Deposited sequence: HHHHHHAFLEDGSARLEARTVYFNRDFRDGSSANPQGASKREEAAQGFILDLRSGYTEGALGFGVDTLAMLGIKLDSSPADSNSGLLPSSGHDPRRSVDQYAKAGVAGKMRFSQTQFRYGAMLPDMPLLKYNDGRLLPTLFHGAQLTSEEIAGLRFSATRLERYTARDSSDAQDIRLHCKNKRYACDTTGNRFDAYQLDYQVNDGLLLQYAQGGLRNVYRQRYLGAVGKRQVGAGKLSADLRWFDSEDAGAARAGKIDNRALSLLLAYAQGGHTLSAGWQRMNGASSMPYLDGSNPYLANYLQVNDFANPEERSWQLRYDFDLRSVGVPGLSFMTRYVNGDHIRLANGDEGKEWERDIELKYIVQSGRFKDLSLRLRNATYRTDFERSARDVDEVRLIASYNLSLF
């Protein structure tokens, strides 16, 4: 790029019913310099965050030549093996190195090694509901990825890596949109293959994760149907501070328990068409079963989400975002412990500093 600077103010109220509620104000500072002039360019990236008391700050250096770029330092990774999580006050912060290269157009290559992270400690296996032991650590996290954009309508994805001494994971993706005929048809195919690696600090891990999402969008209306399936002894592993990149990753639950199968229905409505621009509505529903409980029994769970988003169109407060997120989640196993109603209210404003 030729830079960007982005001061973000984030107001979030969060209510959970099992009761427990929280309110929070956050500030995210994101500065990406341009590159110095000359064949090999240099620049700097800086993250600063402030919450309520959380205070955190990052720097990364970057170089660039041709269509290739390297970065070292503080980082928000966004990729199939690690989707950084956007669902608390201040994002997670990883530390390490990233090389990307796209010298042949439509063919992108990426490599990434992560030493540390800040929710400033060592990288962790996500564990937040049991199975995988908590505080399972890896020395580093590596990923390598190849993106082939076959056409305007189709993108192929391979990726590979893992948390050293916990797990290795492979990934295939295929995304694409197609006009047909007044609206636009979309398919999103994701596959993950994971197993324990090295010392197996978590220890035995065995999982294949498949998800498929299909959408049809015409006017401001969008109907989406998803299908997700887990195979093997294990749940799908991923990093603490990330979300698993699956079709049925919802507000509260990931549907990625062992041997779990689930389906989703979702509807998105943009009311720019009814003449209330900046007003968007969403509702989705996932049903899951076939969970192999440590019990020996089968588990069933479902979740329904409702969302409202409003972007003010004009005024001093123009482009401020109001977002309402509601989750209802129920199981037939460990009901007290994991049933929830959740309400997230989010007010967010991005000031461009340039």
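Unmodelled regions of the deposited chain sequence (numbering from residue 1, in sequence order): 1-9, 28-39, 74-99, 167-171.
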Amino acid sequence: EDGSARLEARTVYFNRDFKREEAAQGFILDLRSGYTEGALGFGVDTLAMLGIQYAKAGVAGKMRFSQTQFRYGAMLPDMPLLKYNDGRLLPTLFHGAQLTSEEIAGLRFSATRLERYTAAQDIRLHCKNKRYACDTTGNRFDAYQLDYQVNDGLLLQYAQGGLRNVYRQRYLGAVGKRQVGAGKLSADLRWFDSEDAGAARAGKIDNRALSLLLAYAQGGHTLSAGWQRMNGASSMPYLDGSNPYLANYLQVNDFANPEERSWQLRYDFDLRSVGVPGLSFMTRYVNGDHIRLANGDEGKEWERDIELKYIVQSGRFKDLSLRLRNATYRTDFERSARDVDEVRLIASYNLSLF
From here on, numbers count along this sequence of modelled residues.
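As recorded in the PDB entry, 217-225 is the stretch of 68-76 and 217-225 with the greater mean C-alpha temperature factor.
Legend: mean Cα B-factor per stretch from the PDB entry, 239-247 versus 100-108; the higher mean is in 100-108. The PDB entry assigns the greatest CA B-factor among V175, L172, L271, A256 to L271. Out of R164, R261, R208, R116, it is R116 whose C-alpha atom has the highest B-factor in the PDB entry. Sorting the modelled residues of the chain by their CA temperature factor places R344 in the middle third. Sort the chain's modelled residues by C-alpha temperature factor and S186 lands in the middle third, per the entry. Among the modelled residues of its chain, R131 has a C-alpha B-factor that falls in the highest third, as given in the PDB entry. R20: CA B factor in the highest third of modelled residues in this chain (values from the PDB entry). Ranked against the other modelled residues of its chain, the C-alpha B-factor of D319 as given in the entry falls in the highest third.
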